[PDB]
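We give structure tokens for two forms of one protein chain below, kept apart as structure 1 and structure 2.
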Structure 1
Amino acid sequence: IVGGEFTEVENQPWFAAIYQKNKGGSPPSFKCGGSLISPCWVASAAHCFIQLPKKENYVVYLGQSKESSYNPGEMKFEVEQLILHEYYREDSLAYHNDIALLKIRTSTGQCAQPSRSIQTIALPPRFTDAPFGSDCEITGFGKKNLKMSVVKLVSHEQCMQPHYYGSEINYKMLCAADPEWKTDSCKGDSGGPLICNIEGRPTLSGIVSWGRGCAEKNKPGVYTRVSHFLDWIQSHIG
């Protein structure tokens, strides 16, 4: 997350900080961002979990904000299900089908309860995206506190230009960047949300997946196009 502002208790209340556990009583290590799409389900990127795909290795935190008081009973979650897309592959530079689902629950077995600091984010209609040039917002702890920024959707035609990414971009992906190339997602934003408006409703359009550099000119951030994974998602969710 290069540039932008720090969020507050009502900014990006769907954001999930995904940590990896360390041996013994050592504090956990931040691993990835994620989005609460259902009270029991967080959507993230598969490449965040491919090394250690067993659910016991992770813990999810919600409701992060400088004005929100940490309550472990309602904001800390164990992972009772870790689902990576079965056709996740690592290419030369791009990830393919880079999406994962985490089913969460508190120590008393409850799911996420909506509050000032914890809300779900709506999924897009099938194959529906905001028009190119739209303002979407990204969020993360990537390259101390939660930040958010604004990027613009970039058309595939523009993105698939040789001096961009060429044929390493397919239509199950979404490109987004700052026209001034000053703001963008970076290392550590992986799995985090790309929020676009669709019918004036905030929508999880993208999942941070990859990119050559950060806010590098002619190279925008690449995202998993969520509108093309609804059938997959709801096949595990409901």
Structure 2
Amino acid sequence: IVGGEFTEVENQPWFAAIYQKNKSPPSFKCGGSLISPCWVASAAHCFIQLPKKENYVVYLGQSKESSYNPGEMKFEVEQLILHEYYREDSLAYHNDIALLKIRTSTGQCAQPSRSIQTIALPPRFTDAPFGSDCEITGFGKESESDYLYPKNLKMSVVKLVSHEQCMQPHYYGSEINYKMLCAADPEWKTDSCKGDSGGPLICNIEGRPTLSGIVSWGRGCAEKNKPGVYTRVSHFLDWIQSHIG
């Protein structure tokens, strides 16, 4: 996360830290979002290089990546579902969404606490406008040109950018379609970054913090005319419901 501030997971209690097992402690790989006690949504691109549930561990309730966190919950991936139409195209990802059914070694799903909460899926449509300032959070880089990653959780505020704006040639042109969600800072000073992918785009809709997008791609981080691009979750509601319901 570029800009914003460091924060504890109580401000992002749905945030899921997704790691890969090593042959040797696991390596942090992607963010994710708890959308029901047993299910985590994230980006399919996080799993392509090794698409086996066995090789991943999910932690809820973490403010500091790769160390123990009070109130942590460690989960195995019982089921790994990647979108059937996932695709890469040399610039960007498409259909970039994954589901992870999580379970501890003792069989449990997430137990709600101050640090572990589900986040609401978006409504089918809603009448009544909401604000287009949405939160982003994760463990990604603090600048596109940083080597090294911050280790503690950050969060920030970006604003949704219309598809029509995001498809301008100065922006991403024809690479943006109706399934994507762009978000940027009007002054280009805060953005998601490398290592934030899979994490949530939280908008406030009908009073609910709401998972509106999943970090998918973006040219650099906080670059002018280059929004962060997000999987438009609302588009996949019936995909999601038909797998987790």
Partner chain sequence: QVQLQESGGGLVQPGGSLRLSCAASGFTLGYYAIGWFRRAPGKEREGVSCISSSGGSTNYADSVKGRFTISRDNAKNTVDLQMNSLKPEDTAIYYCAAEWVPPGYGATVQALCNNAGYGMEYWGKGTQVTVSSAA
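Superpose the two forms; the largest set of C-alphas matching within 1.5 Å is the rigid core. One-based numbering along structure 1's sequence throughout.
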Assuming the other structure does not fit, state which one is the form solved in complex with the partner chain. 1
Core-aligned, between structure 1 and structure 2, one residue among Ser38, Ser68, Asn57, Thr183 moves its CA by 2 Å or more. Tell me which. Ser68
Would you say whether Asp129 is displaced between structure 1 and structure 2, judging by a C-alpha shift of 2 Å or more on the superposed rigid core? yes
Cα displacement of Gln158 between structure 1 and structure 2, core-superposed (Å): 0.7
With the core fitted, just quote the Cα shift at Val9 between structure 1 and structure 2, in angstrom to one decimal. 4.4
